[PDB]
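Below is one structure, written out as structure tokens; comments come after it.
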Amino acid sequence: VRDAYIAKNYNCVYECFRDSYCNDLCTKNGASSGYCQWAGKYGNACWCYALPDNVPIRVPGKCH
Numbered sequence: 582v583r584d585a586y587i588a589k590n591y592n593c594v595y596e597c598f599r600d601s602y603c604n605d606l607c608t609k610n611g612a613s614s615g616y617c618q619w620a621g622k623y624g625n626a627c628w629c630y631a632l633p634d635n636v637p638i639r640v641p642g643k644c645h
């Protein structure tokens, strides 16, 4: 499992503004927790906590 910017299709996240949405989103994939986090490198995103292993999260620089 991991803590990271969850991906969508091609190393892109869910640009969310409702931590709660994440709290539901991440765990919905099987994460233990879920919060929307933001940094800059890739902007804002959902930081899934203890997200399972089958979900390639994203960290490239730019989504594509």
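If you want our numbering, it's the position in the sequence shown, counting the first as 1, plus 581. Idealized CB from N, CA, C, for every residue including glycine.
Neighbour-count burial assignment, residue i, 16 or more Cβ in a 10 Å radius
i       : result
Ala-626 : buried
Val-640 : exposed
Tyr-591 : exposed
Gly-615 : buried
Per DSSP, cross-strand counterpart(s) of residue i
i       : result
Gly-621 : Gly-624
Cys-629 : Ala-585, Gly-615
Assigned secondary structure, residue i (DSSP; H/G/I helix, E/B strand, else coil)
i       : result
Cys-593 : coil
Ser-613 : coil
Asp-634 : coil
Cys-603 : helix
Within 8 Å, strictly: CB atoms of residue i and residue j
i       : j       : result
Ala-588 : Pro-637 : yes
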